[PDB]
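Visitor: First, the structure itself, so that you have it in front of you.
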Amino acid sequence: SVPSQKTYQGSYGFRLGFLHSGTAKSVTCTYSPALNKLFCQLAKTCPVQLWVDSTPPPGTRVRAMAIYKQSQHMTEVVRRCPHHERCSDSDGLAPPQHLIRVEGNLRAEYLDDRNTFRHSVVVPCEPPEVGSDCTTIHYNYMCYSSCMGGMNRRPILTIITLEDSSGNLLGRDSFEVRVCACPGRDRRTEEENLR
Ligand SMILES: [Zn+2]
């Protein structure tokens with residue numbers, strides 16, 4: 001009924017990494033370590049790094065799924081709102097109902113779970129380019145946290161799972177996400193509230 005969100009590095013020492021983009025009002029995507037929360041604009045590139053201590057087997061994949069953060073909403077499938085699922089902004093691969101898309105990866109697969117009805121996007125786990133120490137996936141969130149009839153101001157978490165070729169768990173990490181008009185200002189505000 002509810003996907004696990006327990007951090008698990010697993011045998012390969014799997015964990016996420018985020019850039020340090022700052023909080024200028026112009027920033028389009030910014031991550032707060034103190035809040036473990038990514039703030040981003042609608043449909044803008046969200047670079048998420050994948051780090052491992054050892055190389056996982058050929059066929060390993062990386063899946064992203066969103067769930068509501070509040071327990072009383074956790075059984076509800078996170079999906080795009082009645083407006084955005086109908087705006088015909090398809091990239092040719094992602095179903096119009098899916099909140100999370102992967103940018104620039106023709107091998108991305110989108111799943112509508114036949115039992116839970118939850119949405120997810122999965123890609124092959126690739127090694128870093130020569131000269132790099134990690135691999136980066138570029139995600140896009142396709143609705144604002146405030147969209148009526150959809151997330152409707154409810155906070156969500158994105159769960160990233162490292163899986164084997166059968167879909168079995170190898171590792172897991174997660175972070176809260178707020179899709180908003182001014183990520184820099186909102187990150188500053190929430191960090192101040194926390195302080
Ligand atoms: Zn929307």
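Residue names in the structure tokens use chain letters A, B, ... in the order shown, residue numbers from 1 in each chain, and ligand numbers from 1 in the order shown.
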Please identify every residue of chain A that has at least one atom no farther than 9 Å from an atom of ligand 1, counting only C-alpha atoms and all ligand atoms, and for each give the shortest atom pair and the distance in Å to one decimal, arranged by chain then increasing number, as a tab-separated table.
Guide:
```
residue	atom	partner	partner_atom_place_in_ligand_line	distance
A:79	CA	ligand 1	1 (Zn)	8.7
A:80	CA	ligand 1	1 (Zn)	5.4
A:81	CA	ligand 1	1 (Zn)	4.3
A:82	CA	ligand 1	1 (Zn)	6.9
A:83	CA	ligand 1	1 (Zn)	5.8
A:84	CA	ligand 1	1 (Zn)	4.5
A:85	CA	ligand 1	1 (Zn)	7.3
A:99	CA	ligand 1	1 (Zn)	8.7
A:142	CA	ligand 1	1 (Zn)	6.9
A:143	CA	ligand 1	1 (Zn)	3.8
A:144	CA	ligand 1	1 (Zn)	5.6
A:145	CA	ligand 1	1 (Zn)	7.8
A:146	CA	ligand 1	1 (Zn)	7.7
A:147	CA	ligand 1	1 (Zn)	4.5
A:148	CA	ligand 1	1 (Zn)	7.0
A:149	CA	ligand 1	1 (Zn)	8.0
A:150	CA	ligand 1	1 (Zn)	6.3
A:151	CA	ligand 1	1 (Zn)	7.8
A:152	CA	ligand 1	1 (Zn)	8.8
```
Visitor: Which residues of stretch 5-55 of chain A sit at most 9 Å from stretch 170-185 of chain A, using only C-alpha atoms? Give each one's shortest atom pair and distance in Å (one decimal place), in chain and ascending residue order, as CSV.
Guide:
```
residue,atom,partner,partner_atom,distance
A:5,CA,A:174,CA,6.6
A:6,CA,A:172,CA,6.9
A:7,CA,A:173,CA,4.9
A:8,CA,A:172,CA,4.9
A:9,CA,A:171,CA,5.1
A:10,CA,A:171,CA,5.0
A:11,CA,A:170,CA,7.2
A:12,CA,A:170,CA,7.8
A:13,CA,A:171,CA,7.8
A:14,CA,A:171,CA,5.7
A:15,CA,A:173,CA,6.1
A:16,CA,A:173,CA,6.6
A:22,CA,A:184,CA,7.2
A:23,CA,A:184,CA,3.9
A:24,CA,A:184,CA,5.4
A:25,CA,A:184,CA,5.0
A:26,CA,A:184,CA,7.1
A:27,CA,A:184,CA,5.8
A:28,CA,A:183,CA,6.4
A:29,CA,A:183,CA,6.4
A:30,CA,A:183,CA,6.6
A:35,CA,A:176,CA,8.0
A:36,CA,A:175,CA,5.5
A:37,CA,A:176,CA,4.4
A:38,CA,A:177,CA,4.8
A:39,CA,A:183,CA,4.9
A:40,CA,A:179,CA,5.0
A:41,CA,A:180,CA,5.2
A:42,CA,A:179,CA,6.0
A:43,CA,A:179,CA,8.9
```
Visitor: Atoms to include: N, CA, C and O atoms. Write the selected residues as a compact mmCIF listing (two decimals), in the first residue's frame.
Guide:
```txt
# COMPACT_ATOMS: atom_id res chain seq x y z
N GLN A 5 10.56 4.01 2.44
CA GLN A 5 11.41 5.16 2.21
C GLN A 5 12.67 5.06 3.06
O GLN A 5 13.39 6.03 3.24
N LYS A 6 12.95 3.86 3.59
CA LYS A 6 14.12 3.66 4.45
C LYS A 6 15.44 3.74 3.67
O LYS A 6 15.63 3.02 2.68
N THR A 7 16.34 4.61 4.12
CA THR A 7 17.64 4.75 3.48
C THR A 7 18.39 3.43 3.62
O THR A 7 18.46 2.87 4.72
N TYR A 8 18.95 2.95 2.52
CA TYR A 8 19.67 1.69 2.52
C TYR A 8 20.80 1.76 1.50
O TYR A 8 20.56 1.76 0.31
N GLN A 9 22.04 1.80 1.97
CA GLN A 9 23.14 1.89 1.01
C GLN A 9 23.39 0.58 0.28
O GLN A 9 23.83 0.58 -0.86
N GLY A 10 23.14 -0.54 0.95
CA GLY A 10 23.35 -1.82 0.30
C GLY A 10 24.80 -2.20 0.06
O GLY A 10 25.73 -1.51 0.51
N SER A 11 25.00 -3.30 -0.66
CA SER A 11 26.33 -3.82 -0.93
C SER A 11 27.24 -2.92 -1.74
O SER A 11 28.47 -3.02 -1.65
N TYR A 12 26.64 -2.03 -2.53
CA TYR A 12 27.41 -1.17 -3.40
C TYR A 12 27.63 0.24 -2.86
O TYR A 12 28.26 1.04 -3.52
N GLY A 13 27.14 0.51 -1.65
CA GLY A 13 27.30 1.82 -1.03
C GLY A 13 26.60 2.93 -1.79
O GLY A 13 27.15 4.01 -2.03
N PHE A 14 25.36 2.64 -2.18
CA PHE A 14 24.55 3.57 -2.96
C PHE A 14 24.00 4.76 -2.17
O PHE A 14 23.42 4.59 -1.10
N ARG A 15 24.18 5.95 -2.72
CA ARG A 15 23.61 7.16 -2.12
C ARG A 15 23.57 8.26 -3.16
O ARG A 15 24.30 8.23 -4.17
N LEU A 16 22.70 9.24 -2.92
CA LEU A 16 22.54 10.38 -3.82
C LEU A 16 23.49 11.53 -3.50
O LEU A 16 24.10 11.57 -2.42
N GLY A 22 23.00 27.33 -4.66
CA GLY A 22 22.72 28.60 -4.02
C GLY A 22 21.25 28.93 -3.94
O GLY A 22 20.40 28.15 -4.37
N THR A 23 20.94 30.10 -3.40
CA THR A 23 19.55 30.51 -3.23
C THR A 23 19.18 31.85 -3.87
O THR A 23 18.26 32.52 -3.41
N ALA A 24 19.90 32.23 -4.92
CA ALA A 24 19.58 33.48 -5.62
C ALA A 24 18.13 33.37 -6.11
O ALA A 24 17.66 32.27 -6.43
N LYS A 25 17.41 34.48 -6.18
CA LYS A 25 16.02 34.40 -6.62
C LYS A 25 15.88 33.82 -8.03
O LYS A 25 14.82 33.31 -8.39
N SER A 26 16.96 33.86 -8.81
CA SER A 26 16.95 33.35 -10.18
C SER A 26 17.19 31.83 -10.31
O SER A 26 16.96 31.25 -11.36
N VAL A 27 17.63 31.19 -9.23
CA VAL A 27 17.92 29.76 -9.30
C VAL A 27 16.69 28.91 -9.67
O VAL A 27 15.58 29.17 -9.22
N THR A 28 16.89 27.90 -10.52
CA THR A 28 15.80 27.05 -10.99
C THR A 28 15.68 25.72 -10.25
O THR A 28 14.65 25.05 -10.33
N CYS A 29 16.75 25.35 -9.56
CA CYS A 29 16.77 24.09 -8.81
C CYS A 29 17.83 24.25 -7.73
O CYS A 29 18.96 24.65 -8.02
N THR A 30 17.45 23.95 -6.49
CA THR A 30 18.40 24.06 -5.39
C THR A 30 18.03 23.07 -4.28
O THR A 30 16.86 22.86 -3.96
N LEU A 35 17.33 20.42 5.27
CA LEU A 35 15.95 19.97 5.18
C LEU A 35 15.80 18.67 4.36
O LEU A 35 14.70 18.10 4.31
N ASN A 36 16.91 18.20 3.77
CA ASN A 36 16.92 17.06 2.81
C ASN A 36 15.76 17.31 1.86
O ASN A 36 14.89 16.46 1.68
N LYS A 37 15.79 18.46 1.20
CA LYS A 37 14.69 18.87 0.35
C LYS A 37 15.17 19.61 -0.88
O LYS A 37 15.97 20.53 -0.78
N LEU A 38 14.68 19.16 -2.04
CA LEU A 38 15.00 19.81 -3.32
C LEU A 38 13.85 20.79 -3.65
O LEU A 38 12.68 20.45 -3.50
N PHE A 39 14.20 22.02 -4.03
CA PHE A 39 13.26 23.04 -4.45
C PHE A 39 13.51 23.29 -5.93
O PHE A 39 14.66 23.54 -6.33
N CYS A 40 12.48 23.22 -6.77
CA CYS A 40 12.70 23.42 -8.21
C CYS A 40 11.51 24.05 -8.89
O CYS A 40 10.38 23.99 -8.40
N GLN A 41 11.78 24.66 -10.04
CA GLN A 41 10.74 25.23 -10.86
C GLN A 41 10.10 24.13 -11.70
O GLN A 41 10.68 23.06 -11.95
N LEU A 42 8.90 24.41 -12.17
CA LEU A 42 8.15 23.49 -13.01
C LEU A 42 8.87 23.10 -14.30
O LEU A 42 9.31 23.97 -15.06
N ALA A 43 9.03 21.79 -14.51
CA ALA A 43 9.64 21.25 -15.72
C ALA A 43 11.08 21.65 -16.00
O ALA A 43 11.53 21.57 -17.13
```
Visitor: Using DSSP on the backbone coordinates, identify the residues of stretch 29-192 of chain A assigned to helix (DSSP H, G or I); present them as a list in words.
Guide: residues 71, 72, 73, 84, 85, 86, 183, 184, 185, 186, 187, 188, 189, 190, 191 and 192 of chain A
Visitor: Write out the residues from the selection above, keeping N, CA and C atoms, as a tab-separated table (two decimals), in the first residue's frame.
Guide:
```tsv
chain	number	residue	atom	x	y	z
A	71	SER	N	1.61	10.92	6.37
A	71	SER	CA	1.06	9.58	6.48
A	71	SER	C	-0.39	9.44	6.08
A	72	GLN	N	-1.20	10.44	6.38
A	72	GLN	CA	-2.63	10.37	6.05
A	72	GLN	C	-2.91	10.48	4.56
A	73	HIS	N	-1.87	10.75	3.77
A	73	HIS	CA	-2.03	10.84	2.32
A	73	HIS	C	-1.15	9.84	1.60
A	84	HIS	N	-2.66	19.72	-15.81
A	84	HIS	CA	-1.41	19.31	-16.44
A	84	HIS	C	-1.43	17.97	-17.16
A	85	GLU	N	-2.24	17.03	-16.69
A	85	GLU	CA	-2.29	15.75	-17.40
A	85	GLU	C	-2.92	15.91	-18.80
A	86	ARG	N	-3.57	17.05	-19.05
A	86	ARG	CA	-4.24	17.34	-20.34
A	86	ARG	C	-3.60	18.46	-21.16
A	183	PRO	N	12.29	28.79	-6.13
A	183	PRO	CA	13.01	27.86	-5.25
A	183	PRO	C	14.02	28.49	-4.31
A	184	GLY	N	14.72	29.51	-4.78
A	184	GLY	CA	15.72	30.17	-3.94
A	184	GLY	C	15.12	30.84	-2.73
A	185	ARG	N	14.06	31.60	-2.94
A	185	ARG	CA	13.40	32.26	-1.83
A	185	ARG	C	12.77	31.23	-0.90
A	186	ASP	N	12.09	30.22	-1.46
A	186	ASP	CA	11.45	29.26	-0.58
A	186	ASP	C	12.46	28.46	0.22
A	187	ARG	N	13.60	28.13	-0.37
A	187	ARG	CA	14.61	27.40	0.40
A	187	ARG	C	15.10	28.28	1.55
A	188	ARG	N	15.36	29.55	1.28
A	188	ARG	CA	15.83	30.45	2.35
A	188	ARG	C	14.79	30.55	3.47
A	189	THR	N	13.53	30.70	3.09
A	189	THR	CA	12.45	30.81	4.07
A	189	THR	C	12.33	29.57	4.94
A	190	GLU	N	12.34	28.39	4.32
A	190	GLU	CA	12.20	27.17	5.10
A	190	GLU	C	13.40	26.89	5.99
A	191	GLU	N	14.60	27.24	5.52
A	191	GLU	CA	15.79	27.01	6.34
A	191	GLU	C	15.76	27.97	7.52
A	192	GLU	N	15.24	29.18	7.30
A	192	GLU	CA	15.15	30.13	8.40
A	192	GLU	C	14.12	29.63	9.41
```
Visitor: Tell me, which residues of stretch 55-147 of chain A carry DSSP strand (DSSP E or B), written as a PyMOL selection string?
Guide: chain A and resi 61-68+100-102+109-112+119-124+135-141
